[PDB]
């Protein structure tokens, strides 16, 4: 798969998944509002706390950290591609042509409901993201040996990565074992991913995906040494079925390392 991700277009991917219709957060029944709600509700329990946190396979997105950022002071974002990391930095610095995550930032404020303004939220996130590093979940030591990243992390967040870089179940399983080592025993893992998806586009690139079920994700979290605190499913409605992929649903898992 690694070679397929070489033709990956960050802007095409962002437009396919974070721009209307999926990027229209006005409909409370959309996938965006759901993902944000899961993340928000989870961090609102105050069980996922700590000093450091790592985002595995950040890609060119930041929504996966909006609620998280206020509970951890050292945030590490990662990704296998220079192009993505470049895109991340473009938003982190507020340079020209960064992607606009304001609609997302705003809804995270809505959902959390602490009266915070979206600029302060975006400001906090940009402040707590200390670094954007390269990563390969396939290497049994994903980040490397002398990674500038604090290890082990207190928590982990990963959205649409593992199943999007694994040819089959076993690879998905090992990939989890790999990143799972980056997590402190007792730490927390927040995994978001596609259910029963087998491909999705990113411009000229056509990525292969491993179709997984909710049950298969659960058993994989256990086999990796986690206590599944929560695991819910979102069924992709017709209006959000657009051709950019064949995803059937989206899963959210809150897992704690034994």
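Numbering follows the first chain given and starts at 1. Rigid core: the largest C-alpha set superposing within 1.5 Å between the two forms.
When the other structures are laid on the shown form by the core, the C-alphas of 96 to 104 and 172 to 180 differ in how far they drift in 9 other deposited structures of this protein; the larger average drift belongs to 96 to 104.
A fit on the rigid core, followed by a root mean square over CA positions in 9 other deposited structures of this protein, ranks 44 to 52 against 201 to 209 and picks 201 to 209 as the more shifted one. For the pair 146 to 154 and 114 to 122, the record assigns the higher mean C-alpha temperature factor to 146 to 154. Higher average CA B factor: 126 to 134, of the stretches 100 to 108 and 126 to 134.
Comparing the C-alpha B-factors of 209, 222, 66, 191 in the entry, the top value falls on 222. Annotation for residue 50: CA B-factor lies in the highest third of the chain's modelled residues. Sorting the modelled residues of the chain by their CA temperature factor places residue 175 in the highest third. Among the modelled residues of its chain, residue 218 has a C-alpha B-factor that falls in the middle third according to the deposited record.
The deposited CA B-factor of residue 43 belongs to the middle third of values across its chain. Per the deposited record, the Cα B-factor of residue 159 falls in the lowest third when ranked against the other modelled residues of its chain.
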